>>> print(open('entry.cif').read())   # mmCIF, N, CA and C atoms and all ligand atoms
data_run
#
loop_
_atom_site.label_atom_id
_atom_site.label_comp_id
_atom_site.auth_asym_id
_atom_site.auth_seq_id
_atom_site.Cartn_x
_atom_site.Cartn_y
_atom_site.Cartn_z
N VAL A 4 109.50 144.63 -5.02
CA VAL A 4 108.75 145.67 -4.25
C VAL A 4 109.56 145.96 -2.99
N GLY A 5 109.81 147.24 -2.60
CA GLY A 5 110.57 147.70 -1.47
C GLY A 5 109.92 147.53 -0.11
N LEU A 6 108.73 148.07 0.04
CA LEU A 6 107.99 147.95 1.30
C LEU A 6 107.10 146.72 1.20
N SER A 7 107.05 145.91 2.24
CA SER A 7 106.17 144.75 2.33
C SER A 7 104.82 145.18 2.87
N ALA A 8 103.82 144.33 2.65
CA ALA A 8 102.49 144.63 3.17
C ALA A 8 102.52 144.79 4.68
N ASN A 9 103.30 143.95 5.36
CA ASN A 9 103.34 144.01 6.82
C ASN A 9 103.98 145.29 7.32
N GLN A 10 104.91 145.86 6.56
CA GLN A 10 105.52 147.11 6.96
C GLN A 10 104.54 148.26 6.93
N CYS A 11 103.46 148.13 6.17
CA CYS A 11 102.50 149.21 6.02
C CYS A 11 101.20 148.95 6.76
N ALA A 12 101.12 147.86 7.52
CA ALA A 12 99.97 147.58 8.38
C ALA A 12 100.13 148.32 9.71
N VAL A 13 100.02 149.64 9.63
CA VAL A 13 100.19 150.52 10.79
C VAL A 13 98.81 150.99 11.23
N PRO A 14 98.36 150.66 12.44
CA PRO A 14 97.07 151.16 12.91
C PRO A 14 96.95 152.67 12.75
N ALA A 15 95.74 153.11 12.44
CA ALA A 15 95.54 154.51 12.11
C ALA A 15 96.07 155.43 13.21
N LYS A 16 95.86 155.04 14.47
CA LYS A 16 96.20 155.90 15.59
C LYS A 16 97.70 156.02 15.82
N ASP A 17 98.46 155.08 15.28
CA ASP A 17 99.91 155.07 15.46
C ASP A 17 100.66 155.62 14.25
N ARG A 18 99.94 155.98 13.20
CA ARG A 18 100.60 156.42 11.99
C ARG A 18 101.35 157.71 12.22
N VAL A 19 102.57 157.75 11.71
CA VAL A 19 103.39 158.95 11.71
C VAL A 19 103.38 159.54 10.30
N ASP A 20 102.87 160.77 10.17
CA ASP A 20 102.76 161.41 8.87
C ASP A 20 104.13 161.53 8.20
N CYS A 21 104.19 161.06 6.96
CA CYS A 21 105.36 161.15 6.11
C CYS A 21 105.15 162.12 4.96
N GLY A 22 103.95 162.66 4.83
CA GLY A 22 103.65 163.58 3.77
C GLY A 22 103.03 164.87 4.27
N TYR A 23 101.93 165.24 3.63
CA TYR A 23 101.27 166.52 3.79
C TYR A 23 99.94 166.42 3.06
N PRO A 24 98.98 167.29 3.37
CA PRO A 24 97.70 167.24 2.66
C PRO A 24 97.89 167.27 1.15
N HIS A 25 97.17 166.37 0.47
CA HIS A 25 97.15 166.24 -0.98
C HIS A 25 98.44 165.69 -1.55
N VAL A 26 99.29 165.10 -0.71
CA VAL A 26 100.44 164.37 -1.22
C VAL A 26 99.94 163.26 -2.14
N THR A 27 100.65 163.04 -3.23
CA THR A 27 100.24 161.98 -4.15
C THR A 27 100.82 160.64 -3.72
N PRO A 28 100.18 159.54 -4.11
CA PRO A 28 100.76 158.22 -3.88
C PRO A 28 102.19 158.06 -4.38
N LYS A 29 102.50 158.60 -5.56
CA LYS A 29 103.84 158.43 -6.09
C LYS A 29 104.85 159.20 -5.26
N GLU A 30 104.48 160.40 -4.82
CA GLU A 30 105.36 161.15 -3.92
C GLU A 30 105.58 160.38 -2.61
N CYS A 31 104.50 159.79 -2.09
CA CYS A 31 104.58 158.98 -0.88
C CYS A 31 105.52 157.80 -1.10
N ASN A 32 105.30 157.06 -2.19
CA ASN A 32 106.19 155.95 -2.54
C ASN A 32 107.64 156.40 -2.61
N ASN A 33 107.87 157.57 -3.21
CA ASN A 33 109.23 158.02 -3.44
C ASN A 33 109.93 158.45 -2.16
N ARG A 34 109.19 158.68 -1.08
CA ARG A 34 109.74 158.92 0.25
C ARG A 34 109.98 157.65 1.04
N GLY A 35 109.70 156.49 0.46
CA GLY A 35 109.82 155.25 1.18
C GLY A 35 108.72 155.08 2.18
N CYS A 36 107.53 155.59 1.88
CA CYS A 36 106.44 155.59 2.83
C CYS A 36 105.25 154.81 2.30
N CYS A 37 104.29 154.57 3.20
CA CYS A 37 103.07 153.80 2.96
C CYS A 37 101.92 154.74 2.64
N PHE A 38 101.11 154.37 1.65
CA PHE A 38 99.93 155.14 1.29
C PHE A 38 98.68 154.32 1.56
N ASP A 39 97.70 154.95 2.19
CA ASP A 39 96.41 154.32 2.44
C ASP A 39 95.37 155.42 2.58
N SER A 40 94.41 155.46 1.67
CA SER A 40 93.32 156.42 1.71
C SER A 40 92.02 155.83 2.22
N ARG A 41 92.03 154.59 2.70
CA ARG A 41 90.79 153.92 3.07
C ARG A 41 90.16 154.55 4.30
N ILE A 42 90.98 155.01 5.23
CA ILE A 42 90.50 155.57 6.49
C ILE A 42 90.59 157.09 6.40
N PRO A 43 89.49 157.81 6.48
CA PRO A 43 89.59 159.27 6.45
C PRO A 43 90.04 159.83 7.79
N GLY A 44 90.64 161.02 7.73
CA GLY A 44 90.92 161.78 8.94
C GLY A 44 92.15 161.36 9.69
N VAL A 45 93.03 160.60 9.05
CA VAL A 45 94.29 160.13 9.60
C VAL A 45 95.33 160.24 8.49
N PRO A 46 96.62 160.16 8.79
CA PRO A 46 97.64 160.28 7.74
C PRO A 46 97.41 159.23 6.66
N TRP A 47 97.35 159.70 5.43
CA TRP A 47 97.26 158.80 4.29
C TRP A 47 98.63 158.39 3.79
N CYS A 48 99.68 159.10 4.17
CA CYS A 48 101.05 158.78 3.79
C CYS A 48 101.84 158.72 5.08
N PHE A 49 102.33 157.53 5.44
CA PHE A 49 102.88 157.35 6.78
C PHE A 49 104.13 156.48 6.78
N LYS A 50 104.93 156.62 7.83
CA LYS A 50 106.19 155.92 7.92
C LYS A 50 105.97 154.43 8.09
N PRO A 51 106.79 153.59 7.42
CA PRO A 51 106.69 152.13 7.55
C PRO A 51 107.30 151.62 8.82
N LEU A 52 106.83 150.46 9.26
CA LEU A 52 107.57 149.67 10.23
C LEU A 52 108.80 149.06 9.58
N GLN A 53 109.93 149.14 10.29
CA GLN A 53 111.16 148.48 9.86
C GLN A 53 112.09 148.34 11.05
N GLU A 54 113.20 147.64 10.83
CA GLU A 54 114.20 147.51 11.90
C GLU A 54 114.82 148.88 12.20
N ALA A 55 115.13 149.13 13.47
CA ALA A 55 115.59 150.44 13.90
C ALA A 55 117.05 150.68 13.48
N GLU A 56 117.49 151.94 13.57
CA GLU A 56 118.81 152.37 13.06
C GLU A 56 119.92 152.44 14.10
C1 LIG B 1 93.16 164.76 9.23
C2 LIG B 1 94.46 164.14 8.81
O1 LIG B 1 95.11 163.42 9.56
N1 LIG B 1 94.87 164.43 7.57
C3 LIG B 1 96.08 163.87 7.01
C4 LIG B 1 95.80 163.09 5.72
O2 LIG B 1 95.14 163.91 4.76
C5 LIG B 1 94.52 163.21 3.67
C6 LIG B 1 94.79 163.91 2.34
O3 LIG B 1 96.19 164.12 2.12
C7 LIG B 1 94.07 165.24 2.33
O4 LIG B 1 94.25 165.90 1.08
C8 LIG B 1 92.59 165.02 2.60
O5 LIG B 1 91.98 166.25 2.61
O6 LIG B 1 92.43 164.40 3.87
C9 LIG B 1 93.02 163.09 3.91
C10 LIG B 1 92.64 162.48 5.23
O7 LIG B 1 91.23 162.29 5.30
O8 LIG B 1 97.00 162.57 5.20
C11 LIG B 1 98.01 163.55 4.92
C12 LIG B 1 99.18 162.79 4.34
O9 LIG B 1 99.61 161.74 5.20
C13 LIG B 1 98.36 164.31 6.19
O10 LIG B 1 99.35 165.28 5.89
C14 LIG B 1 97.12 164.97 6.74
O11 LIG B 1 97.42 165.66 7.96
#
>>> encode(input="entry.cif", output="structure tokens")
Amino acid sequence: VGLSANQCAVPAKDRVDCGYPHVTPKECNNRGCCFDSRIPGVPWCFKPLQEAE
């Protein structure tokens, strides 16, 4: 698995959108991003935490 659980534990308020409305989980995965639909009204597809570039 590429992204770890800890990389995707991003508080809702800090999430940076990596997708767009109605983006699918697979599209999100294919961008190297985190998917979470549990919390409404915040990005469901968001950038992971990782070491900086
Ligand atoms: C209000 C908000 O931040 N919306 C996000 C979020 O949208 C989800 C989903 O993709 C939509 O189809 C649905 O209608 O609303 C969801 C949120 O409740 O996530 C997407 C993807 O990250 C963002 O582009 C939206 O801006």
>>> residues_near_point(input="entry.cif", point="(99.7, 159.2, 12.6)", cutoff="7 Å", atoms="only N, CA and C atoms", output="short mmCIF file (atom, residue, chain, number, x, y, z; two decimals) with N, CA and C atoms, keeping the file's coordinate frame")
data_model
loop_
_atom_site.label_atom_id
_atom_site.label_comp_id
_atom_site.auth_asym_id
_atom_site.auth_seq_id
_atom_site.Cartn_x
_atom_site.Cartn_y
_atom_site.Cartn_z
N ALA A 15 95.74 153.11 12.44
CA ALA A 15 95.54 154.51 12.11
C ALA A 15 96.07 155.43 13.21
N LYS A 16 95.86 155.04 14.47
CA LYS A 16 96.20 155.90 15.59
C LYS A 16 97.70 156.02 15.82
N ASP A 17 98.46 155.08 15.28
CA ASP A 17 99.91 155.07 15.46
C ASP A 17 100.66 155.62 14.25
N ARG A 18 99.94 155.98 13.20
CA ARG A 18 100.60 156.42 11.99
C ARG A 18 101.35 157.71 12.22
N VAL A 19 102.57 157.75 11.71
CA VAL A 19 103.39 158.95 11.71
C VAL A 19 103.38 159.54 10.30
N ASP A 20 102.87 160.77 10.17
CA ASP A 20 102.76 161.41 8.87
C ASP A 20 104.13 161.53 8.20
N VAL A 45 93.03 160.60 9.05
CA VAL A 45 94.29 160.13 9.60
C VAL A 45 95.33 160.24 8.49
N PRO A 46 96.62 160.16 8.79
CA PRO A 46 97.64 160.28 7.74
C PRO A 46 97.41 159.23 6.66
N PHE A 49 102.33 157.53 5.44
CA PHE A 49 102.88 157.35 6.78
C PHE A 49 104.13 156.48 6.78
#
>>> closest_atom_pairs(input="entry.cif", of="chain A", to="ligand LIG 1 (chain B)", cutoff="6.5 Å", atoms="all atoms listed in the file", output="Markdown table")
| residue | atom | partner | partner_atom | distance |
| --- | --- | --- | --- | --- |
| A:20 | CA | B:LIG1 | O9 | 4.8 |
| A:21 | N | B:LIG1 | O9 | 5.0 |
| A:22 | C | B:LIG1 | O10 | 4.0 |
| A:23 | CA | B:LIG1 | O10 | 3.1 |
| A:24 | N | B:LIG1 | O10 | 3.2 |
| A:25 | N | B:LIG1 | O3 | 3.0 |
| A:26 | N | B:LIG1 | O3 | 4.3 |
| A:42 | C | B:LIG1 | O7 | 5.4 |
| A:43 | CA | B:LIG1 | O7 | 3.6 |
| A:44 | N | B:LIG1 | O7 | 2.8 |
| A:45 | C | B:LIG1 | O1 | 3.4 |
| A:46 | CA | B:LIG1 | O8 | 3.5 |
| A:47 | N | B:LIG1 | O8 | 2.9 |
| A:48 | N | B:LIG1 | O9 | 2.8 |
| A:49 | N | B:LIG1 | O9 | 5.0 |
>>> residues_around(input="entry.cif", residues="residue 35 of chain A", least_positions_apart="4", cutoff="10 Å", atoms="only C-alpha atoms", output="PyMOL selection string")
chain A and resi 5-6+21+29-31+48-51
>>> write_last_selection(input="entry.cif", atoms="N, CA and C atoms", output="PDB file, keeping the file's coordinate frame")
ATOM      1  N   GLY A   5     109.810 147.240  -2.600  1.00  0.00           N
ATOM      2  CA  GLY A   5     110.570 147.700  -1.470  1.00  0.00           C
ATOM      3  C   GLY A   5     109.920 147.530  -0.110  1.00  0.00           C
ATOM      4  N   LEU A   6     108.730 148.070   0.040  1.00  0.00           N
ATOM      5  CA  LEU A   6     107.990 147.950   1.300  1.00  0.00           C
ATOM      6  C   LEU A   6     107.100 146.720   1.200  1.00  0.00           C
ATOM      7  N   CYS A  21     104.190 161.060   6.960  1.00  0.00           N
ATOM      8  CA  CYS A  21     105.360 161.150   6.110  1.00  0.00           C
ATOM      9  C   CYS A  21     105.150 162.120   4.960  1.00  0.00           C
ATOM     10  N   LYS A  29     102.500 158.600  -5.560  1.00  0.00           N
ATOM     11  CA  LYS A  29     103.840 158.430  -6.090  1.00  0.00           C
ATOM     12  C   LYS A  29     104.850 159.200  -5.260  1.00  0.00           C
ATOM     13  N   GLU A  30     104.480 160.400  -4.820  1.00  0.00           N
ATOM     14  CA  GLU A  30     105.360 161.150  -3.920  1.00  0.00           C
ATOM     15  C   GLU A  30     105.580 160.380  -2.610  1.00  0.00           C
ATOM     16  N   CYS A  31     104.500 159.790  -2.090  1.00  0.00           N
ATOM     17  CA  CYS A  31     104.580 158.980  -0.880  1.00  0.00           C
ATOM     18  C   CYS A  31     105.520 157.800  -1.100  1.00  0.00           C
ATOM     19  N   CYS A  48      99.680 159.100   4.170  1.00  0.00           N
ATOM     20  CA  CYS A  48     101.050 158.780   3.790  1.00  0.00           C
ATOM     21  C   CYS A  48     101.840 158.720   5.080  1.00  0.00           C
ATOM     22  N   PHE A  49     102.330 157.530   5.440  1.00  0.00           N
ATOM     23  CA  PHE A  49     102.880 157.350   6.780  1.00  0.00           C
ATOM     24  C   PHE A  49     104.130 156.480   6.780  1.00  0.00           C
ATOM     25  N   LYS A  50     104.930 156.620   7.830  1.00  0.00           N
ATOM     26  CA  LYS A  50     106.190 155.920   7.920  1.00  0.00           C
ATOM     27  C   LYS A  50     105.970 154.430   8.090  1.00  0.00           C
ATOM     28  N   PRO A  51     106.790 153.590   7.420  1.00  0.00           N
ATOM     29  CA  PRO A  51     106.690 152.130   7.550  1.00  0.00           C
ATOM     30  C   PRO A  51     107.300 151.620   8.820  1.00  0.00           C
TER      31      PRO A  51
END
>>> atom_distance(input="entry.cif", atom1="atom C of residue 52 of chain A", atom2="atom C of residue 27 of chain A")
19.4 Å
>>> select_by_dssp(input="entry.cif", residues="chain A", states="strand (DSSP E or B)", output="PDB file with N, CA and C atoms, keeping the file's coordinate frame")
ATOM      1  N   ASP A  20     102.870 160.770  10.170  1.00  0.00           N
ATOM      2  CA  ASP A  20     102.760 161.410   8.870  1.00  0.00           C
ATOM      3  C   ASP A  20     104.130 161.530   8.200  1.00  0.00           C
ATOM      4  N   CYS A  37     104.290 154.570   3.200  1.00  0.00           N
ATOM      5  CA  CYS A  37     103.070 153.800   2.960  1.00  0.00           C
ATOM      6  C   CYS A  37     101.920 154.740   2.640  1.00  0.00           C
ATOM      7  N   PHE A  38     101.110 154.370   1.650  1.00  0.00           N
ATOM      8  CA  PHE A  38      99.930 155.140   1.290  1.00  0.00           C
ATOM      9  C   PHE A  38      98.680 154.320   1.560  1.00  0.00           C
ATOM     10  N   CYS A  48      99.680 159.100   4.170  1.00  0.00           N
ATOM     11  CA  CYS A  48     101.050 158.780   3.790  1.00  0.00           C
ATOM     12  C   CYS A  48     101.840 158.720   5.080  1.00  0.00           C
ATOM     13  N   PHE A  49     102.330 157.530   5.440  1.00  0.00           N
ATOM     14  CA  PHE A  49     102.880 157.350   6.780  1.00  0.00           C
ATOM     15  C   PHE A  49     104.130 156.480   6.780  1.00  0.00           C
TER      16      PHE A  49
END
>>> atom_distance(input="entry.cif", atom1="atom CA of residue 11 of chain A", atom2="atom N of residue 38 of chain A")
6.9 Å
>>> atom_distance(input="entry.cif", atom1="atom C of residue 39 of chain A", atom2="atom C of residue 8 of chain A")
13.0 Å
>>> select_by_dssp(input="entry.cif", residues="chain A", states="helix (DSSP H, G or I)", output="MDAnalysis selection string")
chainID A and resid 9:11 15:17 28:33
